[PDB]
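> Just one file: coords_34.cif, with mmCIF, C-alpha atoms and all ligand atoms.
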data_input
#
loop_
_atom_site.label_atom_id
_atom_site.label_comp_id
_atom_site.auth_asym_id
_atom_site.auth_seq_id
_atom_site.Cartn_x
_atom_site.Cartn_y
_atom_site.Cartn_z
CA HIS A 6 -0.20 -34.73 3.41
CA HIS A 7 -0.19 -30.95 3.93
CA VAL A 8 1.53 -28.70 1.36
CA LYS A 9 4.59 -26.55 1.93
CA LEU A 10 4.98 -22.95 0.70
CA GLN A 11 8.50 -22.14 -0.26
CA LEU A 12 9.75 -18.66 -0.89
CA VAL A 13 12.92 -19.00 -3.01
CA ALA A 14 14.57 -15.54 -3.14
CA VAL A 15 17.91 -14.07 -4.29
CA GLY A 16 19.56 -11.92 -1.59
CA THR A 17 20.53 -12.57 2.00
CA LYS A 18 20.47 -9.48 4.22
CA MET A 19 17.04 -8.01 4.56
CA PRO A 20 16.93 -4.78 6.54
CA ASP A 21 16.05 -5.48 10.19
CA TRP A 22 12.53 -4.01 9.97
CA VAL A 23 11.76 -6.06 6.87
CA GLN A 24 12.94 -9.27 8.49
CA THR A 25 10.88 -8.41 11.60
CA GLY A 26 7.80 -7.76 9.49
CA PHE A 27 8.41 -10.89 7.41
CA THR A 28 8.79 -13.07 10.52
CA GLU A 29 5.61 -11.72 12.13
CA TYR A 30 3.63 -12.97 9.11
CA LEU A 31 5.63 -16.16 8.49
CA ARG A 32 5.18 -17.33 12.07
CA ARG A 33 1.36 -17.03 12.01
CA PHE A 34 0.99 -19.70 9.35
CA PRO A 35 -0.55 -22.91 10.73
CA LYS A 36 1.45 -26.13 11.07
CA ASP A 37 -0.50 -27.62 8.12
CA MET A 38 0.60 -24.78 5.88
CA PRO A 39 4.25 -24.16 6.74
CA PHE A 40 5.72 -21.03 5.24
CA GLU A 41 9.46 -21.16 4.80
CA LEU A 42 12.24 -19.04 3.25
CA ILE A 43 15.07 -20.29 1.13
CA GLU A 44 17.66 -17.54 0.36
CA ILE A 45 19.88 -17.82 -2.71
CA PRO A 46 23.02 -15.59 -2.75
CA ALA A 47 23.08 -12.79 -5.36
CA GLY A 48 25.75 -13.03 -8.02
CA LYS A 49 28.58 -10.51 -7.84
CA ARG A 50 28.00 -7.87 -10.53
CA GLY A 51 30.52 -5.61 -12.26
CA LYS A 52 31.00 -3.76 -15.56
CA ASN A 53 33.49 -6.46 -16.51
CA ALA A 54 31.09 -9.22 -15.45
CA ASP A 55 28.95 -10.93 -18.08
CA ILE A 56 25.52 -10.10 -16.70
CA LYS A 57 23.55 -12.82 -18.54
CA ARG A 58 25.72 -15.57 -17.11
CA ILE A 59 25.52 -14.12 -13.58
CA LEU A 60 21.72 -14.14 -13.95
CA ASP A 61 21.65 -17.69 -15.29
CA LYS A 62 23.74 -18.96 -12.37
CA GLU A 63 21.20 -17.31 -10.06
CA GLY A 64 18.30 -18.91 -11.90
CA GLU A 65 20.01 -22.33 -11.87
CA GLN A 66 20.31 -22.06 -8.11
CA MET A 67 16.60 -21.12 -7.79
CA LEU A 68 15.30 -23.93 -10.02
CA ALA A 69 17.52 -26.38 -8.14
CA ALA A 70 16.01 -25.15 -4.89
CA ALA A 71 12.47 -25.63 -6.25
CA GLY A 72 13.17 -29.23 -7.25
CA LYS A 73 10.00 -30.98 -8.40
CA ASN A 74 7.83 -28.34 -6.70
CA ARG A 75 5.07 -26.42 -8.45
CA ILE A 76 6.84 -23.32 -9.70
CA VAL A 77 5.15 -19.94 -9.26
CA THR A 78 7.08 -16.83 -10.27
CA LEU A 79 6.68 -13.44 -8.69
CA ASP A 80 6.91 -11.19 -11.71
CA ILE A 81 5.62 -7.72 -12.64
CA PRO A 82 4.06 -8.97 -15.87
CA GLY A 83 2.40 -12.01 -14.22
CA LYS A 84 -1.31 -12.38 -13.34
CA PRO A 85 -2.65 -9.52 -11.24
CA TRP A 86 -4.40 -11.82 -8.81
CA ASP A 87 -6.76 -10.14 -6.35
CA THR A 88 -7.14 -11.54 -2.83
CA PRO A 89 -10.15 -13.79 -3.61
CA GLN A 90 -8.24 -15.23 -6.61
CA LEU A 91 -5.14 -15.91 -4.52
CA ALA A 92 -7.30 -17.76 -2.01
CA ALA A 93 -8.71 -19.88 -4.87
CA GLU A 94 -5.13 -20.53 -6.08
CA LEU A 95 -4.03 -21.45 -2.57
CA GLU A 96 -6.85 -23.98 -2.50
CA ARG A 97 -5.83 -25.35 -5.96
CA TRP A 98 -2.26 -25.85 -4.75
CA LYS A 99 -3.52 -27.91 -1.80
CA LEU A 100 -5.62 -30.24 -4.00
CA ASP A 101 -2.68 -30.59 -6.36
CA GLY A 102 -0.77 -31.75 -3.31
CA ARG A 103 2.68 -30.61 -4.48
CA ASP A 104 4.74 -28.15 -2.47
CA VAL A 105 4.82 -24.69 -3.97
CA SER A 106 7.99 -22.74 -4.78
CA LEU A 107 7.46 -18.98 -5.05
CA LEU A 108 10.33 -17.38 -6.97
CA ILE A 109 11.63 -13.85 -6.38
CA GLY A 110 14.41 -12.68 -8.63
CA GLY A 111 17.51 -10.74 -7.74
CA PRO A 112 18.47 -7.20 -8.80
CA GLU A 113 18.42 -8.12 -12.49
CA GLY A 114 15.08 -9.91 -12.28
CA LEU A 115 14.26 -13.58 -12.93
CA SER A 116 16.47 -15.63 -15.26
CA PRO A 117 14.97 -16.56 -18.66
CA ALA A 118 15.08 -20.23 -17.59
CA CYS A 119 13.10 -19.38 -14.44
CA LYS A 120 10.45 -17.42 -16.33
CA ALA A 121 10.25 -20.30 -18.76
CA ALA A 122 9.94 -22.86 -15.96
CA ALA A 123 7.01 -21.01 -14.34
CA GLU A 124 3.76 -22.99 -14.21
CA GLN A 125 2.13 -19.77 -13.02
CA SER A 126 3.33 -16.18 -12.71
CA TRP A 127 1.96 -13.80 -10.12
CA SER A 128 2.06 -9.98 -10.26
CA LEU A 129 1.79 -8.05 -6.98
CA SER A 130 1.60 -4.61 -8.60
CA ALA A 131 2.29 -2.69 -11.77
CA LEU A 132 5.01 -0.94 -9.68
CA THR A 133 8.61 -2.13 -9.61
CA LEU A 134 8.87 -3.28 -6.00
CA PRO A 135 12.09 -3.68 -4.07
CA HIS A 136 13.03 -7.29 -3.28
CA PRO A 137 12.65 -6.92 0.52
CA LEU A 138 9.08 -5.56 0.20
CA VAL A 139 8.15 -8.32 -2.24
CA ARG A 140 9.03 -10.78 0.51
CA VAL A 141 6.71 -9.14 3.04
CA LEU A 142 3.82 -8.71 0.59
CA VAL A 143 3.95 -12.33 -0.43
CA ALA A 144 3.90 -13.46 3.20
CA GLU A 145 1.07 -11.07 4.16
CA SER A 146 -1.15 -11.74 1.12
CA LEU A 147 -0.77 -15.52 1.42
CA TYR A 148 -1.63 -15.21 5.09
CA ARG A 149 -4.70 -13.15 4.15
CA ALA A 150 -5.60 -15.65 1.43
CA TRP A 151 -5.17 -18.50 3.90
CA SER A 152 -7.28 -16.78 6.54
CA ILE A 153 -10.11 -16.50 4.01
CA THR A 154 -9.90 -20.27 3.36
CA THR A 155 -10.29 -21.08 7.07
CA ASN A 156 -12.43 -18.03 7.99
CA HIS A 157 -9.72 -16.79 10.34
CA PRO A 158 -10.43 -13.33 11.85
CA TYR A 159 -7.51 -11.73 10.00
CA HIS A 160 -9.10 -11.24 6.55
CA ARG A 161 -12.20 -9.59 8.05
CA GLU A 162 -10.93 -7.23 10.71
CA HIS B 6 9.26 23.13 -0.53
CA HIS B 7 7.79 23.64 -3.95
CA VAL B 8 5.36 20.77 -3.62
CA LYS B 9 4.69 18.83 -0.48
CA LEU B 10 3.58 15.20 -0.47
CA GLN B 11 1.31 14.63 2.51
CA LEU B 12 -0.06 11.20 3.39
CA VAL B 13 -3.45 11.56 5.13
CA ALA B 14 -4.11 8.18 6.71
CA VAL B 15 -6.64 6.77 9.19
CA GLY B 16 -5.05 4.90 12.11
CA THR B 17 -2.55 5.77 14.76
CA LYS B 18 -0.73 2.76 16.12
CA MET B 19 1.60 1.29 13.53
CA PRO B 20 3.62 -1.78 14.51
CA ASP B 21 7.18 -0.77 15.24
CA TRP B 22 8.74 -2.39 12.17
CA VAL B 23 6.26 -0.55 9.99
CA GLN B 24 7.07 2.86 11.49
CA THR B 25 10.75 2.05 11.10
CA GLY B 26 10.34 1.12 7.40
CA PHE B 27 8.04 4.05 6.67
CA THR B 28 10.41 6.58 8.31
CA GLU B 29 13.35 5.07 6.52
CA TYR B 30 11.81 6.15 3.20
CA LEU B 31 10.26 9.36 4.51
CA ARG B 32 13.56 10.72 5.86
CA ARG B 33 15.24 10.27 2.46
CA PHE B 34 12.99 12.65 0.50
CA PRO B 35 14.87 15.87 -0.27
CA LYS B 36 14.05 19.14 1.45
CA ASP B 37 12.61 20.45 -1.82
CA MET B 38 10.08 17.60 -1.93
CA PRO B 39 9.07 16.99 1.71
CA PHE B 40 7.08 13.80 2.52
CA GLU B 41 4.89 14.11 5.65
CA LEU B 42 2.35 12.01 7.57
CA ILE B 43 -1.02 13.16 8.84
CA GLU B 44 -2.81 10.59 11.03
CA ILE B 45 -6.58 10.69 11.47
CA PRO B 46 -7.77 8.54 14.41
CA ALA B 47 -9.98 5.58 13.49
CA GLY B 48 -13.56 5.77 14.71
CA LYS B 49 -14.38 3.35 17.49
CA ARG B 50 -16.35 0.56 15.86
CA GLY B 51 -18.77 -1.77 17.65
CA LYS B 52 -21.55 -4.11 16.54
CA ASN B 53 -23.96 -1.40 17.69
CA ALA B 54 -22.12 1.43 16.00
CA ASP B 55 -23.39 3.24 12.90
CA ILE B 56 -20.62 2.44 10.39
CA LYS B 57 -22.04 4.82 7.83
CA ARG B 58 -21.58 7.78 10.24
CA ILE B 59 -18.22 6.68 11.58
CA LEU B 60 -17.00 6.52 8.02
CA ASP B 61 -18.34 9.99 7.25
CA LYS B 62 -16.68 11.44 10.33
CA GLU B 63 -13.35 9.91 9.27
CA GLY B 64 -13.66 11.31 5.74
CA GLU B 65 -14.69 14.71 7.05
CA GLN B 66 -11.43 14.86 9.01
CA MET B 67 -9.44 13.62 6.03
CA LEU B 68 -10.84 16.24 3.70
CA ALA B 69 -10.17 18.93 6.28
CA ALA B 70 -6.52 17.92 6.53
CA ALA B 71 -6.19 17.95 2.73
CA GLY B 72 -7.59 21.47 2.52
CA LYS B 73 -7.21 22.88 -0.99
CA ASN B 74 -4.47 20.37 -1.93
CA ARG B 75 -4.56 18.07 -4.95
CA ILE B 76 -6.51 15.10 -3.61
CA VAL B 77 -5.32 11.64 -4.61
CA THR B 78 -6.93 8.51 -3.18
CA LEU B 79 -5.22 5.20 -2.63
CA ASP B 80 -7.90 2.76 -3.70
CA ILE B 81 -7.97 -0.80 -5.07
CA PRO B 82 -10.02 0.21 -8.07
CA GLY B 83 -7.81 3.22 -8.91
CA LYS B 84 -5.24 3.55 -11.72
CA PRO B 85 -2.69 0.71 -11.65
CA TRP B 86 0.27 3.03 -12.38
CA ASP B 87 3.63 1.36 -13.02
CA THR B 88 6.80 2.99 -11.74
CA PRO B 89 7.58 5.12 -14.86
CA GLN B 90 3.94 6.30 -14.85
CA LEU B 91 4.17 7.33 -11.19
CA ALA B 92 7.33 9.32 -12.01
CA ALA B 93 5.49 11.14 -14.78
CA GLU B 94 2.58 11.88 -12.38
CA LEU B 95 4.97 13.13 -9.73
CA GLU B 96 6.38 15.38 -12.41
CA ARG B 97 2.89 16.61 -13.30
CA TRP B 98 2.09 17.34 -9.64
CA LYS B 99 5.21 19.50 -9.49
CA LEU B 100 3.97 21.53 -12.48
CA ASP B 101 0.54 21.89 -10.94
CA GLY B 102 2.23 23.54 -7.97
CA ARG B 103 -0.32 22.41 -5.38
CA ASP B 104 0.70 20.19 -2.50
CA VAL B 105 -0.61 16.68 -2.88
CA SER B 106 -2.80 14.95 -0.30
CA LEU B 107 -2.63 11.17 -0.59
CA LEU B 108 -5.64 9.60 1.16
CA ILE B 109 -5.63 6.17 2.83
CA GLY B 110 -8.86 4.86 4.24
CA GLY B 111 -9.55 3.21 7.55
CA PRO B 112 -10.79 -0.32 8.35
CA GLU B 113 -13.97 0.32 6.35
CA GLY B 114 -12.12 2.04 3.50
CA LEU B 115 -12.59 5.58 2.17
CA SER B 116 -15.74 7.66 2.79
CA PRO B 117 -18.11 8.41 -0.14
CA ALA B 118 -17.11 12.07 0.12
CA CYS B 119 -13.40 11.27 -0.16
CA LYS B 120 -13.94 9.13 -3.22
CA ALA B 121 -16.06 11.92 -4.66
CA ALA B 122 -13.41 14.52 -3.83
CA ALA B 123 -10.61 12.65 -5.65
CA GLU B 124 -8.92 14.32 -8.61
CA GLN B 125 -6.97 11.05 -9.15
CA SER B 126 -7.14 7.58 -7.65
CA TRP B 127 -4.17 5.28 -7.45
CA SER B 128 -4.23 1.47 -7.15
CA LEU B 129 -1.15 -0.24 -5.68
CA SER B 130 -2.27 -3.81 -6.37
CA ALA B 131 -5.29 -5.91 -7.16
CA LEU B 132 -4.68 -7.32 -3.63
CA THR B 133 -6.50 -6.12 -0.51
CA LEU B 134 -3.60 -4.59 1.39
CA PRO B 135 -3.42 -3.95 5.14
CA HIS B 136 -3.34 -0.29 6.08
CA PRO B 137 0.24 -0.33 7.45
CA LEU B 138 1.66 -1.89 4.31
CA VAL B 139 -0.16 0.65 2.13
CA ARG B 140 1.76 3.37 4.02
CA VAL B 141 5.12 1.72 3.34
CA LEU B 142 4.41 0.93 -0.29
CA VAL B 143 3.31 4.56 -0.93
CA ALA B 144 6.51 5.93 0.68
CA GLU B 145 8.84 3.58 -1.22
CA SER B 146 7.19 3.86 -4.62
CA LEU B 147 7.10 7.67 -4.44
CA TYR B 148 10.73 7.62 -3.29
CA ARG B 149 11.57 5.41 -6.28
CA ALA B 150 9.54 7.75 -8.49
CA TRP B 151 11.45 10.72 -7.06
CA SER B 152 14.81 9.03 -7.63
CA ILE B 153 13.90 8.56 -11.29
CA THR B 154 13.05 12.27 -11.74
CA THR B 155 16.41 13.35 -10.28
CA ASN B 156 18.50 10.49 -11.78
CA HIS B 157 19.34 9.31 -8.23
CA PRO B 158 21.11 5.90 -7.88
CA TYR B 159 18.26 4.12 -5.97
CA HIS B 160 16.16 3.10 -9.01
CA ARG B 161 18.88 1.59 -11.22
CA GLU B 162 19.86 -2.07 -11.66
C1 LIG C 1 13.82 -5.24 -8.16
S1 LIG C 1 12.88 -6.51 -9.04
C2 LIG C 1 13.71 -6.60 -10.65
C3 LIG C 1 12.68 -6.62 -11.79
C4 LIG C 1 13.22 -6.90 -13.20
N1 LIG C 1 14.03 -5.79 -13.70
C5 LIG C 1 12.09 -7.28 -14.16
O1 LIG C 1 11.52 -6.44 -14.85
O2 LIG C 1 11.72 -8.45 -14.28
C6 LIG C 1 13.37 -8.03 -8.16
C7 LIG C 1 12.32 -9.15 -8.10
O3 LIG C 1 11.19 -8.83 -7.28
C8 LIG C 1 9.97 -9.31 -7.82
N2 LIG C 1 9.02 -8.20 -8.06
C9 LIG C 1 9.30 -6.83 -8.08
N3 LIG C 1 8.16 -6.15 -8.34
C10 LIG C 1 7.14 -7.06 -8.49
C11 LIG C 1 5.79 -6.90 -8.76
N4 LIG C 1 5.29 -5.67 -8.92
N5 LIG C 1 4.98 -8.01 -8.86
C12 LIG C 1 5.51 -9.28 -8.69
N6 LIG C 1 6.86 -9.45 -8.42
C13 LIG C 1 7.66 -8.34 -8.32
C14 LIG C 1 10.34 -10.05 -9.09
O4 LIG C 1 10.43 -11.42 -8.73
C15 LIG C 1 11.70 -9.48 -9.45
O5 LIG C 1 12.50 -10.40 -10.18
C1 LIG C 2 -8.22 -2.12 5.20
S1 LIG C 2 -8.03 -1.37 3.56
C2 LIG C 2 -9.71 -1.41 2.89
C3 LIG C 2 -9.75 -2.20 1.58
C4 LIG C 2 -10.75 -1.74 0.51
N1 LIG C 2 -10.20 -0.69 -0.34
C5 LIG C 2 -12.07 -1.30 1.16
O1 LIG C 2 -12.59 -0.23 0.84
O2 LIG C 2 -12.64 -2.00 1.99
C6 LIG C 2 -7.74 0.35 4.04
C7 LIG C 2 -7.30 1.30 2.93
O3 LIG C 2 -6.05 0.93 2.36
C8 LIG C 2 -6.00 1.39 1.03
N2 LIG C 2 -5.75 0.22 0.20
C9 LIG C 2 -5.92 -1.11 0.54
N3 LIG C 2 -5.52 -1.83 -0.52
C10 LIG C 2 -5.12 -1.00 -1.52
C11 LIG C 2 -4.63 -1.20 -2.81
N4 LIG C 2 -4.48 -2.42 -3.33
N5 LIG C 2 -4.30 -0.09 -3.57
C12 LIG C 2 -4.45 1.18 -3.08
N6 LIG C 2 -4.93 1.38 -1.80
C13 LIG C 2 -5.26 0.30 -1.06
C14 LIG C 2 -7.34 2.00 0.66
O4 LIG C 2 -7.17 3.40 0.74
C15 LIG C 2 -8.24 1.48 1.74
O5 LIG C 2 -9.24 2.43 2.02
#
Show me this structure written as structure tokens.

Amino acid sequence: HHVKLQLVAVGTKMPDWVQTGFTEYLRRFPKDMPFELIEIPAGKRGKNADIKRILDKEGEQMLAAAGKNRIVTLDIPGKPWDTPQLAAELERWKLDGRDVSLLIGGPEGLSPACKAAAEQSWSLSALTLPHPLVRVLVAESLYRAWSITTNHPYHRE
Amino acid sequence: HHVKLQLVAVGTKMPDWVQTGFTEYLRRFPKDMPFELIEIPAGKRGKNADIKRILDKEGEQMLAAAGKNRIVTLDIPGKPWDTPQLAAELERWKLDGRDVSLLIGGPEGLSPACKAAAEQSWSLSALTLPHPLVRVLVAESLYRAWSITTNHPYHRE
């Protein structure tokens, strides 16, 4: 009865250094808090493409991936959680008992349906961050939040 | 070479993926806005060490590297600039004409003198970020800010 953290993200080819950095954090998560990545393919964009519909198809794929999971969106206008707050949230998710889906939008951001479906929305920064860096920050900050919950040396070194 | 952006940062041994990611951004700044790294070595800490002094000695070195430059600290309680705001600031630094020293603290954070010396302070996140990731986020966000000022393709879509 341990909870799963699922990063649901649009885009499939992280630069090598980003994937290396992401894996170094992902792998340090304990067996009772598995951290896993689900990549959704980005819709093909063009001037002749209807951008709303491309975005909705992306969102539909994300929400389908989340299933019945608790839905948390990564979004610039979400809650600017500090590290103690994220640790408190991480603890709340565990009591809740449901797996958590963390949603990272593609180039055009999150679909309206995804923003609407969010039970919580989490802002990493007031800055517009590139999708690969969002992946790494989420992994690192959750790791730091987790290490606070178990008094692991990482959060205090 | 009108204004130079110099990152003054405590710590010397970045993980490889971090140096790769950091350089990837650094090498893309144009010759007329050079982005450079100055590393101050971290003081050797021990449970018998005077942290107050170690911190002062780090700051002393930082402030020496900055010289007469515009001094901007990276600090959690600084200004939570969004990306357009950072572009405007970058534009204001160019008008000022002074090179900009961007200060990143060591394991114990910035010295009292460095915080005192700051003309501006810049917050990347409400999160407690690890020193390597601060380096990468500063390089990318300034690169994105630069690309906005020059109507470069990086920041669009
Ligand atoms: C390049 S951004 C596109 C942002 C989009 N134009 C918007 O305003 O919603 C791609 C995705 O990364 C995530 N992201 C980028 N910056 C973020 C931030 N500062 N805080 C939280 N999530 C962020 C969001 O999930 C976003 O959908
Ligand atoms: C290990 S952190 C220390 C965290 C915290 N600022 C402190 O004083 O203990 C090292 C440095 O990274 C920078 N830093 C960490 N998180 C930051 C954030 N969210 N925004 C801007 N700078 C940050 C600060 O310059 C800090 O001195």
> Could you tell me, counting only C-alpha atoms and all ligand atoms, which protein and nucleic acid residues lie no more than 9 Å from ligand LIG 2 (chain C), written as number ranges by chain?
A: 87, 130, 161-162; B: 14-15, 78-85, 108-116, 126-140, 143
> Could you pull the residues within 9 Å of residue 44 in chain A, counting all atoms listed in the file, minus those fewer than 2 positions along the same chain, as a list in words?
residues 12, 13, 14, 15, 16, 17, 42, 46 and 67 of chain A
> Work out where the centre of an axis-aligned box around every listed atom of range 41-58 of chain A lies and how long its edges are once 5 Å is added on each side; give both in Å to one decimal as JSON.

{"center_x": 21.5, "center_y": -12.5, "center_z": -6.9, "size_x": 34.0, "size_y": 27.4, "size_z": 33.3}
> Quick one: everything within 8 Å of residue 124 in chain A, counting all atoms listed in the file, minus sequence neighbours fewer than 5 positions away in the same chain. Send it as a PyMOL selection string.
chain A and resi 75-77
> As an exercise, work out the distance from CA of residue 24 in chain B to CA of residue 33 in chain A in Å and give it to one decimal place.
20.7 Å
> Please compute the CA of residue 47 in chain B-CA of residue 63 in chain B distance, one decimal, in Å.
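Going from CA of residue 47 in chain B over to CA of residue 63 in chain B covers 6.9 Å.
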> Looking at all atoms listed in the file, which of B:9, B:103, B:32, B:50 is the one that sits closest to chain A?
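Of all the options, B:50 lies closest to chain A.
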